[PDB]
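For reference, the structure discussed in these notes is given below.
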Amino acid sequence: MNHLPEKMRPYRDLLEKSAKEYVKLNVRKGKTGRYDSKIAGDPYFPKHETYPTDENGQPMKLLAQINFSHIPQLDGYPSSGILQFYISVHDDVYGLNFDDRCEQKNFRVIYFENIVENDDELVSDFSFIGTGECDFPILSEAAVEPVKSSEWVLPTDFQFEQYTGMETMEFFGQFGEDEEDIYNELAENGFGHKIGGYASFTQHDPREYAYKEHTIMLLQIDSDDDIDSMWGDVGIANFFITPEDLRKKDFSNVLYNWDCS
C-alpha cells in the first residue's frame, strides 16, 4: 500500500481511480547522442530547417529533447519522433511568456516526425548559440533513464478539485489541525522530472481559467543539483498540451510554465 495520512484514507478509492500512468525521468550528468532524450546539450537539427530564434532574432538553446521511441509508450503519445523544447538565453525569465503562456515568442516547441539519417545533413556545430547574461536553468548536459510509473492526482494540479468536487481550501479545511500536514505530504509526493502524470508547482497551477483544456503534461523539469538544474529559487518547469492537439501531433499551442519559491 502506498501510504496515505489517516484522514485521507477514506478517499483512497477516489485517488486510485484518478491514477495516471507516466514516465519518471531519472537523470545522469553526461554526454548524450544526437538522437537521444536529454536535458540541455545539443539537439537533433536538420541543416535545411530554420533554427529557432527569440524575439530579438538570437538563436535559442535546447532545454530538453524527448525521442518518443526511447520511452515507455503512454496512451495518446506519439510512438516515434523527437519533441524539442527551446528557450531564449537572453532574458532573465528563462523565456517564459509573461502574457500568454502558449505564445512561442521567447520559447519554442518543435516536433520532428521523420528523422533524417544522413549525418552530413544535420547541424553538428552549435557554437553559434550565445551565452546570455543570466545562467541557463540547466548548466550541465544530462542523459535520461525513463521508468514507467503511476500516480494519483496531486493537490498542486488543478484537476484535484475536479476529482474531489470542491476547492482545495474547503477540501483540506475539513481536516482541521491536520490540514497542513496532509496537504504537504500529498503535494510532496510530486515533483521530480517526468513525462505525463500530474503537475507540481511551487506557486499556483496557471490552467484553471486561462488554459483549462491543457490537461496533458508533456514534460516537467524540476530543480536538481545532480545535473545543475536550478529554476530561480528551487523552482520547477513544465509544458502542457490539449488532448486534441496531442492527437493531431500539433505542438504549436503548448503551455510553458515555471515558478519558484
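Residues are named by chain letter and number: chains run A, B, ... in the order of the C-alpha cells, numbers start at 1 in each chain, and ligands are numbered from 1 in the order shown.
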May I have the residues within 10 Å of residue 70 of chain A as an MDAnalysis selection string, using only C-alpha atoms and disregarding those fewer than 4 positions away in the same chain? chainID A and resid 35:37 66 79:82 144:146
Dump C-alpha atoms for the selected residues as a compact mmCIF listing (two decimals), in the first residue's frame?
# COMPACT_ATOMS: atom_id res chain seq x y z
CA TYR A 35 19.01 11.40 -31.34
CA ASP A 36 18.74 10.74 -27.59
CA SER A 37 16.40 12.10 -24.95
CA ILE A 66 12.48 13.61 -26.00
CA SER A 79 5.18 6.23 -30.99
CA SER A 80 8.19 7.97 -32.55
CA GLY A 81 9.64 11.35 -33.43
CA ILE A 82 11.74 13.79 -31.43
CA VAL A 144 17.81 10.37 -19.32
CA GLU A 145 16.65 6.99 -17.97
CA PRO A 146 12.85 6.59 -18.33
Could you give me, as a Markdown table, every segment 148-196 of chain A residue with an atom at most 10 Å from segment 230-247 of chain A, plus its closest atom pair and distance in Å to one decimal, counting only C-alpha atoms, rows ordered by chain then number?
| residue | atom | partner | partner_atom | distance |
| --- | --- | --- | --- | --- |
| A:191 | CA | A:236 | CA | 7.8 |
| A:192 | CA | A:236 | CA | 8.5 |
| A:193 | CA | A:236 | CA | 9.1 |
| A:194 | CA | A:238 | CA | 9.2 |
| A:195 | CA | A:239 | CA | 9.4 |
| A:196 | CA | A:240 | CA | 9.1 |
Keeping C-alpha atoms for every residue in the selection just given, could you write it to a file as a PDB file, in the first residue's frame?
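Once everything was written out, this is part09.pdb:
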ATOM      1  CA  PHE A 191       7.909  16.988  -8.152  1.00  0.00           C
ATOM      2  CA  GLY A 192      10.894  15.477  -9.932  1.00  0.00           C
ATOM      3  CA  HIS A 193      11.347  15.103 -13.703  1.00  0.00           C
ATOM      4  CA  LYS A 194       8.667  13.356 -15.721  1.00  0.00           C
ATOM      5  CA  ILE A 195       6.606  12.898 -18.895  1.00  0.00           C
ATOM      6  CA  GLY A 196       2.853  12.687 -18.310  1.00  0.00           C
TER       7      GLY A 196
END
Could you list, as a PDB file with N, CA and C atoms, in the first residue's frame, every residue within 9 Å of residue 208 of chain A, counting only C-alpha atoms and ignoring same-chain residues fewer than 5 positions away?
ATOM      1  N   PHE A 158      -4.552  21.510 -10.854  1.00  0.00           N
ATOM      2  CA  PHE A 158      -5.935  21.988 -10.859  1.00  0.00           C
ATOM      3  C   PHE A 158      -6.981  20.896 -11.043  1.00  0.00           C
ATOM      4  N   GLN A 159      -6.582  19.718 -11.514  1.00  0.00           N
ATOM      5  CA  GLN A 159      -7.569  18.653 -11.676  1.00  0.00           C
ATOM      6  C   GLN A 159      -7.965  18.039 -10.326  1.00  0.00           C
ATOM      7  N   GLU A 213      -8.083  23.382 -20.919  1.00  0.00           N
ATOM      8  CA  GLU A 213      -8.024  22.139 -21.683  1.00  0.00           C
ATOM      9  C   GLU A 213      -6.611  21.547 -21.752  1.00  0.00           C
TER      10      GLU A 213
END
Measuring between only C-alpha atoms, which one of A:260, A:74, A:64, A:186 shows the shortest distance to residue 32 of chain A?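 The answer is A:64, which sits nearest to residue 32 of chain A.
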Strand (DSSP E or B) residues, from DSSP on the backbone, in segment 36-77 of chain A, as a PDB file with N, CA, C and O atoms, in the first residue's frame:
ATOM      1  N   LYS A  38      17.392  13.967 -23.735  1.00  0.00           N
ATOM      2  CA  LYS A  38      18.409  14.625 -22.943  1.00  0.00           C
ATOM      3  C   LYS A  38      17.874  15.914 -22.336  1.00  0.00           C
ATOM      4  O   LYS A  38      16.820  16.413 -22.753  1.00  0.00           O
ATOM      5  N   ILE A  39      18.606  16.428 -21.351  1.00  0.00           N
ATOM      6  CA  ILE A  39      18.303  17.703 -20.714  1.00  0.00           C
ATOM      7  C   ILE A  39      19.539  18.522 -21.086  1.00  0.00           C
ATOM      8  O   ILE A  39      20.668  18.069 -20.895  1.00  0.00           O
ATOM      9  N   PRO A  46      18.093  19.372 -38.526  1.00  0.00           N
ATOM     10  CA  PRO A  46      18.397  19.343 -39.965  1.00  0.00           C
ATOM     11  C   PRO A  46      18.955  20.690 -40.441  1.00  0.00           C
ATOM     12  O   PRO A  46      18.470  21.746 -40.028  1.00  0.00           O
ATOM     13  N   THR A  53      14.723  31.184 -33.214  1.00  0.00           N
ATOM     14  CA  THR A  53      15.293  32.403 -32.665  1.00  0.00           C
ATOM     15  C   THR A  53      14.247  33.091 -31.789  1.00  0.00           C
ATOM     16  O   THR A  53      13.029  32.959 -32.017  1.00  0.00           O
ATOM     17  N   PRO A  59      19.633  33.078 -31.595  1.00  0.00           N
ATOM     18  CA  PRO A  59      19.366  31.640 -31.522  1.00  0.00           C
ATOM     19  C   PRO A  59      19.011  31.200 -30.106  1.00  0.00           C
ATOM     20  O   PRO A  59      19.589  31.702 -29.139  1.00  0.00           O
ATOM     21  N   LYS A  61      18.343  28.030 -27.112  1.00  0.00           N
ATOM     22  CA  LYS A  61      19.119  26.896 -26.650  1.00  0.00           C
ATOM     23  C   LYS A  61      18.157  25.802 -26.194  1.00  0.00           C
ATOM     24  O   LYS A  61      17.101  26.083 -25.592  1.00  0.00           O
ATOM     25  N   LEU A  62      18.523  24.560 -26.488  1.00  0.00           N
ATOM     26  CA  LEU A  62      17.699  23.417 -26.145  1.00  0.00           C
ATOM     27  C   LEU A  62      17.623  23.210 -24.634  1.00  0.00           C
ATOM     28  O   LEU A  62      18.643  23.168 -23.937  1.00  0.00           O
ATOM     29  N   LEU A  63      16.399  23.105 -24.136  1.00  0.00           N
ATOM     30  CA  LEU A  63      16.158  22.875 -22.728  1.00  0.00           C
ATOM     31  C   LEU A  63      16.158  21.360 -22.528  1.00  0.00           C
ATOM     32  O   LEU A  63      16.757  20.831 -21.567  1.00  0.00           O
ATOM     33  N   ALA A  64      15.484  20.680 -23.457  1.00  0.00           N
ATOM     34  CA  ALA A  64      15.369  19.229 -23.460  1.00  0.00           C
ATOM     35  C   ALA A  64      14.803  18.718 -24.786  1.00  0.00           C
ATOM     36  O   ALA A  64      14.100  19.437 -25.529  1.00  0.00           O
ATOM     37  N   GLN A  65      15.089  17.450 -25.056  1.00  0.00           N
ATOM     38  CA  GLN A  65      14.606  16.777 -26.244  1.00  0.00           C
ATOM     39  C   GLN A  65      14.171  15.369 -25.817  1.00  0.00           C
ATOM     40  O   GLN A  65      14.855  14.714 -25.024  1.00  0.00           O
ATOM     41  N   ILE A  66      13.011  14.942 -26.301  1.00  0.00           N
ATOM     42  CA  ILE A  66      12.481  13.609 -25.996  1.00  0.00           C
ATOM     43  C   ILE A  66      12.342  12.821 -27.284  1.00  0.00           C
ATOM     44  O   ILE A  66      11.721  13.282 -28.242  1.00  0.00           O
ATOM     45  N   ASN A  67      12.932  11.631 -27.328  1.00  0.00           N
ATOM     46  CA  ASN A  67      12.786  10.799 -28.513  1.00  0.00           C
ATOM     47  C   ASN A  67      11.686   9.838 -28.084  1.00  0.00           C
ATOM     48  O   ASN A  67      11.897   9.031 -27.187  1.00  0.00           O
TER      49      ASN A  67
END
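Compared by their closest atoms to residue 109 of chain A, and using only C-alpha atoms, the residues A:166, A:84, A:136, A:77 rank with A:84 nearest.
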Identify, on the basis of only C-alpha atoms, every residue whose closest approach to segment 9-17 of chain A does not exceed 7 Å; exclude the query and any residue fewer than 3 positions from it along the same chain; express the result as a ChimeraX atom specification. /A:4-6,152-153
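Note that atom CA of residue 214 of chain A and atom CA of residue 83 of chain A are 17.2 Å apart.
Among A:111, A:211, A:183, A:175, the residue with the shortest atom-to-atom distance to residue 7 of chain A, counting only C-alpha atoms, is A:175.
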Which one is closest to residue 205 of chain A: A:107, A:160, A:112, A:172? Count only C-alpha atoms. A:160
Pick from A:168, A:174, A:140, A:257 nearest to residue 229 of chain A, counting only C-alpha atoms: A:140
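Pairwise distance (atom CA of residue 126 of chain A, atom CA of residue 42 of chain A) equals 7.2 Å.
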Residue 106 of chain A surroundings by only C-alpha atoms, 6 Å radius, close-in-sequence under 4 positions cut, as a PyMOL selection string: chain A and resi 54-55+87-88+95
Could you work out how far atom CA of residue 185 of chain A lies from atom CA of residue 210 of chain A, giving the answer in Å with one decimal? 27.9 Å
Residue 148 of chain A surroundings by only C-alpha atoms, 7 Å radius, close-in-sequence under 2 positions cut, as a ChimeraX atom specification: /A:22-24,72,146
Per-residue DSSP, segment 6-230 of chain A, filtered to alpha helix (DSSP H), as an NGL selection string: :A and (12-18 or 160-164 or 168-173 or 179-188)
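The shell of residues at most 6 Å from residue 20 of chain A, with only C-alpha atoms counted and near chain neighbours (fewer than 4 positions) removed, consists of residues 150, 151 and 197 of chain A.
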Closest contacts (segment 111-150 of chain A/segment 220-227 of chain A, max 10 Å, only C-alpha atoms) as a tab-separated table:
residue	atom	partner	partner_atom	distance
A:137	CA	A:223	CA	8.4
A:138	CA	A:227	CA	7.1
A:139	CA	A:227	CA	7.3
A:140	CA	A:227	CA	5.7
A:141	CA	A:227	CA	7.3
A:142	CA	A:227	CA	6.3
A:143	CA	A:227	CA	9.4
